[PDB]
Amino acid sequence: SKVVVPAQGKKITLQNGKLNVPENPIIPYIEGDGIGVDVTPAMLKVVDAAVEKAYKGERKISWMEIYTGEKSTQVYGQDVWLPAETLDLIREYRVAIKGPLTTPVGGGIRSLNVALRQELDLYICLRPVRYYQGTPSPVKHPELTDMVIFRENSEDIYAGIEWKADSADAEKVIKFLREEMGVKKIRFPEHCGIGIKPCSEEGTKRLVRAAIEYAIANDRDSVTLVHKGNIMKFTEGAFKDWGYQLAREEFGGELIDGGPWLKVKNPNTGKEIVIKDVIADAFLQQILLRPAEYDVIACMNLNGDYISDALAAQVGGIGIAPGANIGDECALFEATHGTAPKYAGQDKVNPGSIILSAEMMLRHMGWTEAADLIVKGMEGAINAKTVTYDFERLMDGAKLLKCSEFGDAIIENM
């Protein structure tokens, strides 16, 4: 209704579990607030150059701007932060990409990024983190990290189920817990906020299934379920058990030694994938001390959030980390950093996160060639030390490029 659909261009189609991508697909993009105004132009330009180069003019993306966040209120009016037609247009065109998003405080508005994930049921937050050679790192051996994070997106304490201290609601549920359920375990029941943490069987088996499948499809070496199950037995500990059960039941997993670890034979390469588990706080220690031992990771919403932010910091990629939210019916690729308003409009932030999310988008579309040209470009620009301000501070002998120019530097190394 305020989105203008491209006259040239054809909708991607879902013909039962498989994308049928035309040569001129319409892709919805959300520009993003803050520095989205800098990074999203850089991404449209390098993706265009990568499909122009890989398919020699046969394929072309018809980009369609849709709205969410601060720009949505400037287009539809001050009150609409998430238009109902963004949800419909992402549902319809199947794959979309977005920049950083501002959620307002003061108006009872819950996180717009988590709202897109939940409203569209994009239950997989996929976070690949690997080291790009030559980026400045705080650790001695960043090259040892090559992990892919499957974070569950639709349950955990992120479901937003909570009531304020001293609200009627809070008083009411605390009353139910103490009188009807007999909980004598709340230390101070007055002036007390309450949050609900759900974890279901369906919720964890659909995310773990996608994790093992990813591991078979890419011949990864192991799947690690991380959980804090010693303290949370019926939510986090239920996640590890349902995950091992699904590896037994659906993938024909077998005990290594006398457990708990399983082996799943890859039906294509013949190799064995270890299904193991580690407690979440020991895992935060293990990615730093023994990163080469881990590969595909499956975990719940909050842990997945902490794990990927932590891992993206140790490989030097807080600003070049890609991400995707994948459901059964659509997928949303995204800059995983914030809107950083102080730099907005200055053409200086790193466009690397949304560009590498666009290569995840292209690879998902089946446009592997265009996608390999982007990570080729990326490795070469970073190796050339022809780099953005955030990388140049920490490097010696680098050439400082604006946001837009690092875009050109990715095209030059293609």
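All residue numbers are counted from 1 along the displayed sequence.
- Higher mean CA B-factor, judged across 78 to 86 and 313 to 321 from the recorded values: 78 to 86.
- Here the stretch with the larger average CA B-factor, out of 382 to 390 and 61 to 69, is 382 to 390.
- In this entry, the residue among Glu334, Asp295, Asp166, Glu213 with the greatest C-alpha B factor is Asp166.
- Of the candidates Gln285, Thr145, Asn268, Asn113, the one whose C-alpha carries the top B factor in the deposited record is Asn268.
- Ranked by C-alpha B-factor against the other modelled residues of its chain, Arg209 falls in the middle third.
- In the deposited entry, the Cα temperature factor of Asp156 sits in the middle third of values across the chain's modelled residues.
- In the deposited entry, the Cα temperature factor of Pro138 sits in the bottom third of values across the chain's modelled residues.
- In the deposited entry, the Cα temperature factor of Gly304 places it in the lowest third of its chain's modelled residues.
- Among all modelled residues in its chain, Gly99 ranks in the lowest third by Cα B-factor.
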